[PDB]
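Colleague: Dropping the structure in here first, questions after.
Each reported figure results from applying straightforward, stated rules to the coordinates on display, with no laboratory input. Note: ideal-geometry Cβ built from the backbone for every residue, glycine included; neighbour counts use all protein chains shown.
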Amino acid sequence: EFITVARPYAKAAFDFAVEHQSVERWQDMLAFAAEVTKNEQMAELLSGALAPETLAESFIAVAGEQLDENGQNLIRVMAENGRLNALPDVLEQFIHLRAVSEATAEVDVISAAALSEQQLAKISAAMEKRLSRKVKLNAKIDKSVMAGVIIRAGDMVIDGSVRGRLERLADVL
Amino acid sequence: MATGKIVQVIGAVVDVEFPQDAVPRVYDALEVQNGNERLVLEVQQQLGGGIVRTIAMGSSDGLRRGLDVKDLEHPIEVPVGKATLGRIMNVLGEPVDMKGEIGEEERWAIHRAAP
Amino acid sequence: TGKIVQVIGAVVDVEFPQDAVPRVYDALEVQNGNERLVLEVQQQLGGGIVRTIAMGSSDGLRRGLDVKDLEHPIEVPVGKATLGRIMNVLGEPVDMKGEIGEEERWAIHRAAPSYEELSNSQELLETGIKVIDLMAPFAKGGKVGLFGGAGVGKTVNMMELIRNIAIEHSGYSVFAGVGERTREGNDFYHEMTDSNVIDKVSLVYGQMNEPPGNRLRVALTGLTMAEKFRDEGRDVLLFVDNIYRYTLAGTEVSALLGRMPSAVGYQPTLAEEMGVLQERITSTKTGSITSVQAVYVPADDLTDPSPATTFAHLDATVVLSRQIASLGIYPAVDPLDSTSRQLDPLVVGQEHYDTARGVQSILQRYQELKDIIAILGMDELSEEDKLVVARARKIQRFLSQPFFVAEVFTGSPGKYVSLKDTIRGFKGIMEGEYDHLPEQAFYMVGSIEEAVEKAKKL
Amino acid sequence: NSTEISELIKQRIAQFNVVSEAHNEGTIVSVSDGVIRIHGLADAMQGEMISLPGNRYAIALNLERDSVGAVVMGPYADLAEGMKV
Ligand SMILES: Nc1ncnc2c1ncn2[C@@H]1O[C@H](COP(=O)(O)OP(=O)(O)OP(=O)(O)O)[C@@H](O)[C@H]1O
Ligand SMILES: [Mg+2]
């Protein structure tokens, strides 16, 4: 998967955007660059073994919403190594690094039923001290858990669901 | 007019990149200026993207990346006929003795099909 | 739902929606021209890609073909409905007769019986073959392995074992042809039908002409039928025409599955692939399976990993040597490499054990002397060494035996030899009672009395 | 704002005339020792006869994700990258 190869490009792009205080525009440009990659004819074009410079100049043609001095440089650098398919992953790693830099964390909450605002507030307050970062909760209550709640942040998971208790109890067999 | 440029030099193996519409065929002969002498390269493999991979017919030392490459469109051609008798030649058909130029009448490609 | 994305020889990759990825060993179905092609899932790659092996000819497959997901593994008919019929690897009938009256179908991939269920047995099973039951006797419900190169006579020995053993065994039998000659399968089927014993035998045939998937999975179908017969509580006989082809098919498909080569280029999972198949062929407290397996030896190298791994799974091993076969001695059993778990004084008794060990020692001494004989000739030997050589040659001749199935080759009629007669004859030969007879007297004689009768006319 | 940029992408690719190859047609990507790598041929099948320029054929052995591996049923030295098949 392009996860490992996307990292240097995402890091470089994020550092550059930080030095120029233009992170949001970069994120939008990265999203646009990731969308054109998914185009069906562009996918065949990218799969073909064109020369790096001709493929790059053809890619720049389909993008008029890019900051040319920096976005074109990015695309040409990725083109010279054939990494253009990694753009959807470069975007995700750029978002992740931005969230780390802003000390902000997304948290998913799953329960049998919709929670009250006070419970959400206590959850957010506990998680902010657990992570020492700002948090943004989202609620994705589920049909299968019949009681309790699940809290997932990053990959650390706290389970209080009754389903989890039922399975953990049967394990003592 | 030279159309290709050298991109890799690893021992005797030399890689040359050509425009996509002018990639030389296999077994064709290229030549480059290796300082003060012409060095002939034989095409072995056509790689993707216009890059060709060649075996140098001579000393590879002193080759820089980016040197211009002239694409001779015929395979290695050597003089033939009565003029060759009594003469010493290398693989390229150049005289190795000091007895001057060969009075060639024809030059034939070395790669040809069997009867 | 699925889409084909790669076709590399026998291996086909299929992409599925990430919520519906088929499990390992699930059977898939795809229309290939004017016929239906079954694919078996081997590996789950990332992103909903799954890697499969085609149970048929993969030519004519395009990219982007729609693939249908069956929710169950390959399941084959089992039970008495399979008796007397020829069946494909997929459990389809191959004879021109109608559909199989199946009542139940079983998945071919099954777990081995647990350690508790295993049963021990020591009932010696008699054969008509002097060398086999003398040097390497085997018990009912055990494993027998015939090792040999190309052309040494594994199949002839297996047919003779079938003929002899079927006499005192009234239960069902299963014959699984794996990657062998189709001609031999047709001949066997016709000779079974002519003898009206076909109705007791289930035949699963995937021969060498088949693509690798059929040869790879065919043995498991035969094993599943044998296990069905066993769990019913019967005593079954299983014959595998060539176990080596299964590992060979694994080797052929291994590279395309993206696995690095090992050893001599075999698949890294060679030992596990062999063990998972071999462990299911076992007698159990509910029922017993007697198994005879021919094991091809590539390039006559008994040290190749494929023969080497098989040696540990078998109870009795009979090794056939090309050098002996070139002498015209048949069966070309090598008595200094053949061995059985049953050659134990407790089970076989003292007399059989002593005769076998005496024969083994005499032949070992002859092998030791042969290097001197080659250079200096026999004249240099001591007078006891010459007697050892003379007795060893007589023993080597006496091990030969005319087979009933070989009458089409030798012409001479076959012989059946009891264990009592062979042990008495070999003990008499070693004691020197017959030292006045010529070597040729013992060649291709059933019993020692026939040997002395042949001596009168030389 | 995603559907509009996607249709803008379609409009732009239409403007600059980048278009996929036709089915049953492809282009030679590389040539070495008689083995041919071909891009396209979305409707090729395993074991098919692929007609080359001139009057010779290649046999499709591998249907990779992005290319077809083929062997030339004759002299291969005259073939060149970018030839239509
Ligand atoms: N008892 C016998 N008498 C005479 N010839 C015999 C005897 N047993 C085997 N042979 C010889 O063995 C030869 C080959 O036998 P068979 O077909 O069983 O070999 P195989 O080991 O199964 O070989 P393959 O590896 O080709 O399948 C026959 O041609 C036959 O002449
Ligand atoms: Mg055989």
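Colleague: So what are the ³J(HN,Hα) numbers for segment D:58-71, from phi and the Karplus equation (6.51, -1.76, 1.60; θ = phi - 60°), rounded to whole Hz, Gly and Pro as x?
Modeller: 10, 9, 6, 9, 10, 9, 6, 4, 10, 7, 10, x, 9, 10
Colleague: Here's a follow-up. Taking each residue of C:244-253 in turn, how many C-beta atoms of other protein chains fall within 10 Å of its C-beta, and what is the average?
Modeller: Partner-chain Cβ atoms within 10 Å, mean over residues of C:244-253: 0.
Colleague: Here is a follow-up. Figure the gain on full extension for A:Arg130 and A:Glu65 (residue separation times 0.36 nm, minus the Cα-Cα span) and round it to one decimal in nm.
Modeller: That pair, A:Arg130 and A:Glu65, stretches by 19.4 nm at full extension.
Colleague: Spin-label point model (7 Å from Cα, Cβ direction): what's the C:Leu45 to C:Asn120 distance in nm?
Modeller: So the two model labels end up 5.0 nm from each other.
Colleague: Something else now. Per-residue counts of other Cβ atoms within 10 Å, averaged by peptide: what ranking do you get for C:48-60, C:177-189, C:433-445, highest first? Present the calculation step by step, with values, prior to reporting the outcome.
Modeller: Values: C:48-60: 20.8, C:177-189: 18.1, C:433-445: 16.5.
Highest to lowest by the protection proxy: C:48-60, C:177-189, C:433-445.
Colleague: Also, quick follow-up: Quick one: check the C-alpha center-to-center distance for segment D:47-85 versus segment C:293-356, whole angstrom.
Modeller: Here the two parts' Cα centres lie 52 Å apart.
Colleague: Then there's this: If the cut-off is 26 Å between C-alpha atoms, which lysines fall inside it for A:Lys140, apart from same-chain ones fewer than 8 positions away?
Modeller: Straight-line reach from A:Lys140, under 26 Å: A:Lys122, A:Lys129.
Colleague: If you average the alpha carbon positions of segment C:149-175 and of segment C:248-273, how far apart do those two centres end up, in angstrom?
Modeller: The distance from the Cα centre of segment C:149-175 to that of segment C:248-273 comes to 31 Å.
Colleague: Go through A:54-64, A:119-129 and give me the packing order, highest mean Cβ count within 10 Å leading.
Modeller: Answer by packing, highest mean first, reads A:54-64, A:119-129.
Colleague: Sticking with the crude label model, points 7 Å out along Cα→Cβ, report the distance from C:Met260 to A:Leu166 in nm, one decimal please.
Modeller: With each label point 7 Å from Cα toward Cβ, the separation is 4.6 nm.
Colleague: Can I ask one more? Too long at a 20 Å Cα-Cα cut-off: which of C:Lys154/C:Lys285; C:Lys394/C:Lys456; C:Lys68/C:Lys97?
Modeller: Listed pairs above 20 Å: C:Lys154/C:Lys285; C:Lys68/C:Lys97.
Colleague: Quick check on packing: order C:139-149, A:11-21 by the mean number of other C-beta atoms within 10 Å, highest mean leading.
Modeller: So the peptides C:139-149, A:11-21, ranked by packing, come out C:139-149, A:11-21.
Colleague: Report, ordered by chain and residue number, the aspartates and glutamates lying within cross-link reach of D:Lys10, taken as a straight Cα distance under 18 Å and ignoring same-chain residues fewer than 8 apart.
Modeller: A:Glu35, A:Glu40, A:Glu44, A:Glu57, A:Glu65, D:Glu21
Colleague: Right, another one. Shielding of B:25-33 by partners, i.e. mean partner chain Cβ atoms within 10 Å per residue?
Modeller: Across B:25-33, the average partner-chain Cβ count within 10 Å equals 2.
Colleague: Moving on. Helix-derived [θ] at 222 nm for chain D: sum -39500 (n - 2.57) over DSSP H runs of at least 4, divide by residue count, nearest 500?
Modeller: About -5500 deg cm²/dmol.
Colleague: I've got another one for you. What is the gain in length, in nm to one decimal, between C:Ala112 and C:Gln31 on full extension, counting 0.36 nm per residue of separation less the C-alpha to C-alpha distance?
Modeller: 25.7 nm
Colleague: How crowded by other chains is C:363-370, given as the mean number of beta carbons from other chains within 10 Å of each beta carbon?
Modeller: 0
Colleague: For chain C, what does -39500 (n - 2.57) per DSSP helix run (n ≥ 4), summed and divided by total residues, give at 222 nm, in deg cm²/dmol to the nearest 500? Each step should come with its number before you reach the end.
Modeller: Working: 14 runs with 160 residues, N = 458.
When only DSSP H runs of four or more count, the value is -10500 deg cm²/dmol.
Colleague: Once you place label points 7 Å from the Cα toward the Cβ at C:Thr269 and A:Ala12, how far apart are they in nm?
Modeller: Going by the 7 Å Cα→Cβ label model, 4.0 nm.
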